[PDB]
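Below: the structure, in structure tokens.
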Amino acid sequence: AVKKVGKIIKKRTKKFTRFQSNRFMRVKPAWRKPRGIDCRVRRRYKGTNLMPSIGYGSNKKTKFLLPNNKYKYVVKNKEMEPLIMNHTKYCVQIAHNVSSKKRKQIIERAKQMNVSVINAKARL
Amino acid sequence: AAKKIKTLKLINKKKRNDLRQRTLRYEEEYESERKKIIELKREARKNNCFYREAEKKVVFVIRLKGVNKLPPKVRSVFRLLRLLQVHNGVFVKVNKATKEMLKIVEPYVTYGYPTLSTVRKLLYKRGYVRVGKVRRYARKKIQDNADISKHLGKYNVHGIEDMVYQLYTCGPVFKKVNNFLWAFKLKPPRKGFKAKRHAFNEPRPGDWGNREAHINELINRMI
Amino acid sequence: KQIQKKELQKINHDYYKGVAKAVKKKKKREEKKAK
Amino acid sequence: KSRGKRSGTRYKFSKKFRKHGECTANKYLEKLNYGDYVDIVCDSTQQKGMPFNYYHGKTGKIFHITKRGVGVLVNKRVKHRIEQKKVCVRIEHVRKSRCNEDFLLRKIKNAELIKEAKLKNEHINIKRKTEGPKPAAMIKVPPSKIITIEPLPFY
Amino acid sequence: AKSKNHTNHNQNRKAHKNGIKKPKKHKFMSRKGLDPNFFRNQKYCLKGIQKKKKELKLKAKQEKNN
Amino acid sequence: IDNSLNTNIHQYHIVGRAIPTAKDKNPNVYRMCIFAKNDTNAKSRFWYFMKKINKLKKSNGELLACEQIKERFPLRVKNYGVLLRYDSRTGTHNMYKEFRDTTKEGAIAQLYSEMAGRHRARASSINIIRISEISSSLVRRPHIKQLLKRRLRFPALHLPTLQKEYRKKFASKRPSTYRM
RNA sequence: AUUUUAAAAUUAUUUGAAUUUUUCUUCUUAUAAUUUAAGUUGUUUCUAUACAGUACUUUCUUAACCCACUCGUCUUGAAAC
RNA sequence: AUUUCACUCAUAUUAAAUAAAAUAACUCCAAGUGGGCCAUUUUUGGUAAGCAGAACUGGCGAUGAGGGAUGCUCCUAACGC
């Protein structure tokens, strides 16, 4: 069912799973388009692992923005200069390969910059 | 550089007043026709003579079946007459040649004489207009008179009641108005058809064929 | 509307009279063809 | 298994009843011009200079004239396309057409009418009428001629 | 193995899928080998008229170019 | 008046004529009254009868008059004798029947139901002819003879048919079809 | 941010006239706003007076009505005995 | 027969009607294909066949959705969410 929250209108959840990935371990949950001949999914039988298509794509007016109504952006060491102007539009996430000292300085600068952080409590 | 705005305003006012006079004459014509037909039939019954009114010269037609499983000639005639969907509807002039080509599409269509109220309702309610440049029309609802005057006003039919008259009476302008007016998209009936698979004139209940004066009733649920 | 009503009575009366004459003629022809 | 020249003309090429004997001694005297429209009719009294199986009944135009030969250009269908074909036939078989006498008469009428129409400065619907809806009028019939109809019995 | 010896099914639909193609109908038709001893004269006719027209053209060109 | 109760048959009167031709200057105008659902079916059936009896069709002919014949008195009791022409699965017959009701419309509807019930003769396989009112004396079928006795009366053995408002799924105790 | 303007209608003035002959009668001269114009705006609560909970969003497991024949393959024809 | 001049033949609805008629026309490069089948109607051989073989058209294959309990082809109808 479509989920409606504020202004972001999402049309689908339950990230799609590969056909037959239930009773076959070697088939991983990552989706693929089965080619086959009589492969059911291609025929689109009534109610059996319906496949992704273009129609499920959300609205580009709101597409990439996160429930924070704010696009996310990665940071590594000190790259906060391009964030000063658009503090109402871009949230910042620390890269997972950042040590505690650098992450501490980044969180210090960001908090006074007044920009939200996603993984604030990382490795501490 | 500012006189143009006021000049356009007087142009609009002149167009409005002229359209007023046009629709008054049209309303005169309709009541005149009704009075004439009533008095002629009364005179016919008074004397020993009979009076028959000619066919209405304009026919509204609707497609009934889908797209698959059709004869190639049938599909070609549909594409030539602009009946593409399964509930599209169009007006056609009445000529012996036109009726002859309609004869080879009768089983899949329903065609009849318009009557005035329902053609007015169709124009106001479900009417849509090709607006843009040739072959790039970009169908758009009427909602106004600017575009109709822009493209069709050349022949001095700018307005909406002008279209109403030019349609209900077989007048000078069809190949322009009918080409201008997008095919009507019709809603399914309020109650439903009788039998898509049997003719109307058959004693068994059925629908396809010639309905003449009856088509207005089914249009009133088509809308 | 009485004049029109009289006229309508007359015309429908003539229609039914013609139909009745047709009935009688067909009956007489059947009687002839009987023997 | 057999697809010879005159295959399957047991009746088509056969001369019609009581029409045997040589071609009419006046068919030679017709006048032909380049650009005229012509019909091809296969006669059988003449043998040489003969059309072929398919071309009987078709039309075309004159583009080649010899002492006795006439070359006509025809559109013959083949599967996905139409390709011009030039056929050389003889005067006995060839025959002046009527496919354009209607249009020629129409042009002559136009020339002899719209001249005076323009002289008077009148506009007419010179396009062909294609009579469709009749007008509405009043007619008379006495009650002494109305003959009823009724379905018939069985026998 | 028995093999179907012929069919003509679907041929018309294949033909009309691309539409029945028409010949281009160009204006002039070549006279490579049509009824000579007439176009033999016609070529001399064209050469003569062209010669007269072009010599008058050159005469006018010279009398206007001094 | 209830639409469910009433049928959909109206007597129609049609007059037509072939287009006047050079070969025959004035053709004999035809006129005929038929039963049908509505005017369009009336015209179609009229032209079909034309095509079957007289040498004439739509293209080389046209209409003159198309009117509706309605009853003089809708609440009288009459008797109607109607001749027919129908075709069985193996042959074609004609027969003459009687009916008693208010109007010719109801008589024709009753006749059509009678044919469908008694001979499985579908609607398109029927032809009506020479329907006419008849006297009480000259009726030819005893099952309508006995209806016109001097003073009729009989019981009401018909079972009850109550509304959907009260056709409940449970009750207090067994009712009785005896009633009165 | 240079058509959410024009007029379109409504009210309240005024202008001349009209006619179906007047409290939704109509046509504008000039004025100021309303919106039926020119895509839903307002009011009262609750969340809630808290920093993680039974509320709220989400993952997972269970059940429930409906549907769903092992895939890949050559084949006119595959779930195939 | 040709060339150049005269003159002018509806063209403002357009030498009949109607046309989502220029989604055209052409040229070049290239894959797959080259065992078919079913259905109304016509029809050849055989007694007949869910047979063998053709014909105008539509489907199936290449395609699911609702119905015929159920079905590769039947009826409605062809699929973005």
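Chain identifiers are assigned as A, B, and so on, following the order in which chains appear in the structure tokens; residues are numbered from 1 within each chain, and ligands are numbered from 1 in order of appearance.
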>> If we count only C-alpha atoms (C1' of nucleotides) and set the cut-off at 12 Å, which residues sit around residue 10 of chain C, ignoring sequence neighbours fewer than 4 positions away in its own chain? Please answer as a list in words.
In response: residues 45, 46, 47 and 48 of chain B; 3, 4, 5, 6, 14, 15, 16 and 17 of chain C
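For residue 89 of chain F, the residues within 12 Å (counting only C-alpha atoms (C1' of nucleotides), excluding itself and residues fewer than 6 positions away along the chain) are residues 119, 120, 121, 122 and 125 of chain F.
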> Would you list which chain E residues are within 8 Å of chain H using only C-alpha atoms (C1' of nucleotides), as a PyMOL selection string?
Replying inline: chain E and resi 3+7+42+45-46+49
>> Using only C-alpha atoms and a distance of at most 12 Å, pull out the residues of chain E that contact chain B, as number ranges by chain.
In response: E: 12-13, 16-17
Could you save those same residues with N, CA, C and O atoms as a CSV table (one decimal), in the first residue's frame?
chain,number,residue,atom,x,y,z
E,12,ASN,N,-0.6,-11.0,-47.4
E,12,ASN,CA,-1.2,-9.7,-47.6
E,12,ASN,C,-1.0,-8.8,-46.4
E,12,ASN,O,-0.7,-7.6,-46.6
E,13,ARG,N,-1.1,-9.3,-45.2
E,13,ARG,CA,-0.8,-8.5,-44.0
E,13,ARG,C,0.6,-8.0,-44.0
E,13,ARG,O,0.9,-6.9,-43.6
E,16,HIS,N,0.9,-5.2,-46.5
E,16,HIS,CA,0.2,-3.9,-46.1
E,16,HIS,C,0.8,-3.3,-44.8
E,16,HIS,O,0.5,-2.2,-44.4
E,17,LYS,N,1.7,-4.1,-44.1
E,17,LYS,CA,2.3,-3.6,-42.9
E,17,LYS,C,3.1,-2.3,-43.2
E,17,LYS,O,3.1,-1.3,-42.5
> In Å to one decimal, how far is atom CA of residue 103 of chain A from atom CA of residue 118 of chain A?
Replying inline: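 Value for the atom CA of residue 118 of chain A-atom CA of residue 103 of chain A distance: 12.4 Å.
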Name all residues at most 9 Å from residue 133 of chain F (count only C-alpha atoms (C1' of nucleotides); drop same-chain ones fewer than 3 positions away) and give them as an mmCIF file with C-alpha atoms, in the first residue's frame.
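out_10.cif, written as the output of this step:
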data_model
loop_
_atom_site.group_PDB
_atom_site.id
_atom_site.type_symbol
_atom_site.label_atom_id
_atom_site.label_comp_id
_atom_site.auth_asym_id
_atom_site.auth_seq_id
_atom_site.Cartn_x
_atom_site.Cartn_y
_atom_site.Cartn_z
ATOM 1 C CA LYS F 78 -62.964 -6.698 -25.348
ATOM 2 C CA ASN F 79 -62.220 -9.899 -27.258
ATOM 3 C CA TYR F 80 -59.530 -10.089 -29.928
ATOM 4 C CA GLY F 81 -59.041 -12.600 -32.721
ATOM 5 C CA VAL F 82 -55.583 -12.601 -34.297
ATOM 6 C CA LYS F 104 -54.310 -4.507 -28.522
#
> If you run DSSP on this backbone, which residues of chain E come out as helix (DSSP H, G or I), and could you give them as number ranges by chain?
Replying inline: E: 11-17, 39-65
Output file for the selection above: N, CA and C atoms, as an mmCIF file, in the first residue's frame:
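The new file again01.cif reads:
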data_model
loop_
_atom_site.group_PDB
_atom_site.id
_atom_site.type_symbol
_atom_site.label_atom_id
_atom_site.label_comp_id
_atom_site.auth_asym_id
_atom_site.auth_seq_id
_atom_site.Cartn_x
_atom_site.Cartn_y
_atom_site.Cartn_z
ATOM 1 N N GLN E 11 0.583 -13.240 -46.092
ATOM 2 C CA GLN E 11 1.332 -12.485 -47.091
ATOM 3 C C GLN E 11 0.736 -11.102 -47.306
ATOM 4 N N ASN E 12 -0.591 -11.012 -47.389
ATOM 5 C CA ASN E 12 -1.222 -9.715 -47.609
ATOM 6 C C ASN E 12 -0.994 -8.782 -46.427
ATOM 7 N N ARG E 13 -1.079 -9.311 -45.204
ATOM 8 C CA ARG E 13 -0.823 -8.486 -44.029
ATOM 9 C C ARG E 13 0.622 -8.012 -43.998
ATOM 10 N N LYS E 14 1.563 -8.885 -44.364
ATOM 11 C CA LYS E 14 2.953 -8.452 -44.459
ATOM 12 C C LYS E 14 3.111 -7.356 -45.504
ATOM 13 N N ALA E 15 2.424 -7.491 -46.637
ATOM 14 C CA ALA E 15 2.514 -6.475 -47.679
ATOM 15 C C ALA E 15 1.980 -5.137 -47.192
ATOM 16 N N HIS E 16 0.859 -5.151 -46.476
ATOM 17 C CA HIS E 16 0.237 -3.902 -46.056
ATOM 18 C C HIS E 16 0.807 -3.350 -44.758
ATOM 19 N N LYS E 17 1.655 -4.106 -44.060
ATOM 20 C CA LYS E 17 2.312 -3.568 -42.874
ATOM 21 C C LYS E 17 3.140 -2.340 -43.224
ATOM 22 N N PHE E 39 12.639 10.567 -83.078
ATOM 23 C CA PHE E 39 13.499 11.301 -82.164
ATOM 24 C C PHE E 39 14.820 11.663 -82.816
ATOM 25 N N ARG E 40 15.202 10.951 -83.876
ATOM 26 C CA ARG E 40 16.344 11.381 -84.669
ATOM 27 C C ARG E 40 16.119 12.788 -85.202
ATOM 28 N N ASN E 41 14.924 13.049 -85.732
ATOM 29 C CA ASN E 41 14.575 14.403 -86.143
ATOM 30 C C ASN E 41 14.447 15.327 -84.944
ATOM 31 N N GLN E 42 13.875 14.823 -83.852
ATOM 32 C CA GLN E 42 13.584 15.683 -82.711
ATOM 33 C C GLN E 42 14.863 16.229 -82.087
ATOM 34 N N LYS E 43 15.927 15.426 -82.075
ATOM 35 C CA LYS E 43 17.202 15.897 -81.546
ATOM 36 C C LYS E 43 17.749 17.049 -82.377
ATOM 37 N N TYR E 44 17.648 16.949 -83.702
ATOM 38 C CA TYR E 44 18.052 18.064 -84.550
ATOM 39 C C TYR E 44 17.163 19.277 -84.317
ATOM 40 N N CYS E 45 15.867 19.052 -84.089
ATOM 41 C CA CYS E 45 14.967 20.155 -83.762
ATOM 42 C C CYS E 45 15.454 20.900 -82.529
ATOM 43 N N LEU E 46 15.751 20.152 -81.466
ATOM 44 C CA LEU E 46 16.202 20.766 -80.224
ATOM 45 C C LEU E 46 17.539 21.465 -80.409
ATOM 46 N N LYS E 47 18.461 20.844 -81.146
ATOM 47 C CA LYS E 47 19.746 21.487 -81.388
ATOM 48 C C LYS E 47 19.565 22.796 -82.141
ATOM 49 N N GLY E 48 18.683 22.814 -83.141
ATOM 50 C CA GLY E 48 18.462 24.040 -83.891
ATOM 51 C C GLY E 48 17.855 25.148 -83.049
ATOM 52 N N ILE E 49 16.815 24.825 -82.275
ATOM 53 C CA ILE E 49 16.182 25.867 -81.470
ATOM 54 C C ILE E 49 17.153 26.376 -80.415
ATOM 55 N N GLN E 50 17.908 25.469 -79.792
ATOM 56 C CA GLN E 50 18.888 25.888 -78.801
ATOM 57 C C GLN E 50 19.965 26.754 -79.435
ATOM 58 N N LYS E 51 20.407 26.398 -80.643
ATOM 59 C CA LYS E 51 21.425 27.191 -81.319
ATOM 60 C C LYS E 51 20.922 28.598 -81.594
ATOM 61 N N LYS E 52 19.697 28.719 -82.107
ATOM 62 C CA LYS E 52 19.158 30.047 -82.377
ATOM 63 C C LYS E 52 19.019 30.853 -81.090
ATOM 64 N N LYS E 53 18.464 30.236 -80.043
ATOM 65 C CA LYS E 53 18.251 30.960 -78.795
ATOM 66 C C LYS E 53 19.571 31.398 -78.179
ATOM 67 N N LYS E 54 20.575 30.521 -78.187
ATOM 68 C CA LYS E 54 21.857 30.859 -77.584
ATOM 69 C C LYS E 54 22.641 31.860 -78.423
ATOM 70 N N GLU E 55 22.551 31.791 -79.754
ATOM 71 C CA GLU E 55 23.234 32.791 -80.565
ATOM 72 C C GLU E 55 22.590 34.160 -80.392
ATOM 73 N N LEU E 56 21.260 34.211 -80.258
ATOM 74 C CA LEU E 56 20.617 35.482 -79.940
ATOM 75 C C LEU E 56 20.993 35.952 -78.539
ATOM 76 N N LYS E 57 21.136 35.015 -77.600
ATOM 77 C CA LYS E 57 21.593 35.360 -76.260
ATOM 78 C C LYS E 57 22.979 35.987 -76.298
ATOM 79 N N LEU E 58 23.892 35.399 -77.073
ATOM 80 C CA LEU E 58 25.245 35.937 -77.172
ATOM 81 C C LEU E 58 25.254 37.273 -77.901
ATOM 82 N N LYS E 59 24.406 37.427 -78.921
ATOM 83 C CA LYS E 59 24.307 38.710 -79.609
ATOM 84 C C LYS E 59 23.850 39.805 -78.655
ATOM 85 N N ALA E 60 22.805 39.524 -77.871
ATOM 86 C CA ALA E 60 22.331 40.489 -76.883
ATOM 87 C C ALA E 60 23.392 40.761 -75.826
ATOM 88 N N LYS E 61 24.073 39.711 -75.364
ATOM 89 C CA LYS E 61 25.115 39.870 -74.358
ATOM 90 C C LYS E 61 26.236 40.764 -74.869
ATOM 91 N N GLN E 62 26.641 40.581 -76.127
ATOM 92 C CA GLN E 62 27.706 41.406 -76.683
ATOM 93 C C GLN E 62 27.244 42.843 -76.888
ATOM 94 N N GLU E 63 26.030 43.039 -77.411
ATOM 95 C CA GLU E 63 25.575 44.406 -77.640
ATOM 96 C C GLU E 63 25.225 45.131 -76.348
ATOM 97 N N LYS E 64 25.093 44.416 -75.228
ATOM 98 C CA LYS E 64 24.940 45.066 -73.933
ATOM 99 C C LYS E 64 26.247 45.186 -73.157
ATOM 100 N N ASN E 65 27.245 44.354 -73.462
ATOM 101 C CA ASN E 65 28.550 44.390 -72.815
ATOM 102 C C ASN E 65 29.586 45.165 -73.619
#
>> For a quick test of understanding: name the residues of chain D lying within 9 Å of chain F when counting only C-alpha atoms, and present them as a count of residues only.
In response: 12
>> Distance cut-off 8 Å, counting only C-alpha atoms (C1' of nucleotides) - which residues of chain A neighbour chain H? Return them as a ChimeraX atom specification.
In response: /A:11,43-45,53-57
Output N, CA and C atoms of each residue in that selection to a file, as a PDB file, in the first residue's frame.
ATOM      1  N   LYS A  11       4.945   5.544  -3.265  1.00  0.00           N
ATOM      2  CA  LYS A  11       3.981   4.664  -3.907  1.00  0.00           C
ATOM      3  C   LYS A  11       4.219   3.189  -3.641  1.00  0.00           C
ATOM      4  N   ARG A  43       5.194 -13.627 -17.868  1.00  0.00           N
ATOM      5  CA  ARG A  43       3.811 -13.693 -18.313  1.00  0.00           C
ATOM      6  C   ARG A  43       2.877 -12.859 -17.449  1.00  0.00           C
ATOM      7  N   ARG A  44       3.313 -12.469 -16.253  1.00  0.00           N
ATOM      8  CA  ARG A  44       2.501 -11.690 -15.318  1.00  0.00           C
ATOM      9  C   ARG A  44       1.204 -12.423 -14.971  1.00  0.00           C
ATOM     10  N   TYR A  45       1.362 -13.576 -14.328  1.00  0.00           N
ATOM     11  CA  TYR A  45       0.211 -14.291 -13.802  1.00  0.00           C
ATOM     12  C   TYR A  45      -0.410 -13.520 -12.645  1.00  0.00           C
ATOM     13  N   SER A  53       8.750  -1.714 -12.363  1.00  0.00           N
ATOM     14  CA  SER A  53       8.601  -1.029 -13.639  1.00  0.00           C
ATOM     15  C   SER A  53       8.758   0.465 -13.397  1.00  0.00           C
ATOM     16  N   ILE A  54       8.714   1.229 -14.489  1.00  0.00           N
ATOM     17  CA  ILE A  54       8.958   2.665 -14.402  1.00  0.00           C
ATOM     18  C   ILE A  54       7.840   3.368 -13.646  1.00  0.00           C
ATOM     19  N   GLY A  55       6.625   2.821 -13.691  1.00  0.00           N
ATOM     20  CA  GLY A  55       5.480   3.506 -13.122  1.00  0.00           C
ATOM     21  C   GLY A  55       5.563   3.735 -11.628  1.00  0.00           C
ATOM     22  N   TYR A  56       6.382   2.961 -10.922  1.00  0.00           N
ATOM     23  CA  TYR A  56       6.487   3.104  -9.476  1.00  0.00           C
ATOM     24  C   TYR A  56       7.373   4.266  -9.052  1.00  0.00           C
ATOM     25  N   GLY A  57       8.054   4.919  -9.990  1.00  0.00           N
ATOM     26  CA  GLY A  57       8.958   6.001  -9.631  1.00  0.00           C
ATOM     27  C   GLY A  57       8.210   7.184  -9.042  1.00  0.00           C
TER      28      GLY A  57
END
Could you give me the residues within chain F that DSSP places in strand (DSSP E), as a tab-separated table (two decimals) with C-alpha atoms, in the first residue's frame?
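Produced file result-v7.tsv, reproduced below:
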chain	number	residue	atom	x	y	z
F	10	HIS	CA	-47.24	0.39	-29.16
F	11	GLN	CA	-49.42	0.14	-32.27
F	12	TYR	CA	-47.83	2.14	-35.08
F	13	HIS	CA	-49.17	3.41	-38.40
F	14	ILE	CA	-46.78	3.75	-41.34
F	15	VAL	CA	-47.37	5.19	-44.81
F	16	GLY	CA	-44.64	5.03	-47.43
F	17	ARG	CA	-43.97	5.34	-51.13
F	18	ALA	CA	-41.35	4.48	-53.70
F	30	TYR	CA	-48.73	2.01	-49.31
F	31	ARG	CA	-50.08	2.14	-45.77
F	32	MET	CA	-50.04	-0.39	-42.95
F	33	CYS	CA	-50.41	-0.67	-39.17
F	34	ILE	CA	-48.04	-2.93	-37.21
F	35	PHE	CA	-46.97	-3.72	-33.66
F	36	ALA	CA	-43.41	-3.17	-32.44
F	61	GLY	CA	-38.27	4.27	-51.62
F	62	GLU	CA	-38.99	6.49	-48.61
F	63	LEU	CA	-41.44	7.23	-45.79
F	64	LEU	CA	-44.47	9.51	-45.79
F	65	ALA	CA	-46.02	9.18	-42.33
F	66	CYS	CA	-45.16	7.50	-39.03
F	67	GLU	CA	-47.69	7.89	-36.22
F	68	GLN	CA	-48.71	6.06	-33.05
F	69	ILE	CA	-52.18	4.56	-32.65
F	80	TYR	CA	-59.53	-10.09	-29.93
F	81	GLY	CA	-59.04	-12.60	-32.72
F	82	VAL	CA	-55.58	-12.60	-34.30
F	83	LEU	CA	-54.24	-14.65	-37.20
F	84	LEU	CA	-50.60	-15.69	-37.25
F	85	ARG	CA	-47.90	-17.04	-39.52
F	86	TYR	CA	-44.97	-18.75	-37.84
F	87	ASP	CA	-42.38	-21.35	-38.79
F	92	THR	CA	-44.44	-23.31	-41.48
F	93	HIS	CA	-47.99	-22.96	-40.18
F	96	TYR	CA	-55.99	-18.18	-35.34
F	97	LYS	CA	-56.14	-17.37	-31.63
F	98	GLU	CA	-58.32	-15.43	-29.20
F	99	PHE	CA	-57.40	-13.19	-26.29
F	126	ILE	CA	-43.49	-14.74	-35.93
F	127	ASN	CA	-45.81	-12.74	-38.16
F	128	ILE	CA	-49.01	-11.08	-36.96
F	129	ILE	CA	-51.95	-10.60	-39.30
F	130	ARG	CA	-55.57	-9.49	-39.35
F	131	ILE	CA	-55.97	-8.88	-35.63
F	132	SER	CA	-59.44	-7.56	-34.95
F	133	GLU	CA	-61.99	-7.18	-32.19
